[PDB]
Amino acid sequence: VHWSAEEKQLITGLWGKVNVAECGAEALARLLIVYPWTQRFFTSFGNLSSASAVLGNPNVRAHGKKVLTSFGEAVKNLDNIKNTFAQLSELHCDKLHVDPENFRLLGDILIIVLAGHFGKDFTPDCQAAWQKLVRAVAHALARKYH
């Protein structure tokens, strides 16, 4: 992807204020609850199966935070988005066999998270930059599907 000067501002200025532990856990919990088939990938986490089970699981909070930090690395590198997710691509594709379409589902849900959390400061322009990024990252995990 090619990024504008004014695009990096909206993205970087907003990352600056995000609580990764809070959102990390929102993002992941919502995914598990809105798309219940994503559940089978996380069986090692003990009980899922009910909204409240999902919410009160310590793994969901810890994993969630890791996922978001990952998006961190994208904010940082903006030009180098491949190469930075290469090893992570092998893992999601080669070992786990997560169909790429779920990477989109996690991107969209992330925008709802940042949307609810930032209120009016999630302007339309900003939401457009954020989509461009969430799509760039999702594309950069697809990679190992050749």
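Note that residue numbering follows the sequence shown and begins at 1.
Chemist: Quick check on the record: does 92 to 100 or 29 to 37 carry the larger mean Cα temperature factor?
Modeler: Of 92 to 100 and 29 to 37, the stretch with the higher C-alpha B-factor average is 92 to 100.
Chemist: Looking at the entry, does 44 to 52 or 103 to 111 show the higher mean C-alpha B-factor?
Modeler: Higher of the two, by average CA B-factor, is 44 to 52.
Chemist: Considering only modelled residues of the same chain, in which third does the CA B-factor of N19 rank: lowest, middle or highest?
Modeler: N19: CA B-factor falls in the lowest third of its chain.
Chemist: Please say which third, lowest, middle or highest, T12 falls into when its CA temperature factor is compared across its chain.
Modeler: Its C-alpha B-factor belongs to the middle third of this chain's values.
Chemist: Ranking every modelled residue in this chain by its Cα temperature factor as given in the entry, which third contains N83?
Modeler: For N83, whose C-alpha B-factor we compare with every modelled residue in the chain, the answer is the lowest third.
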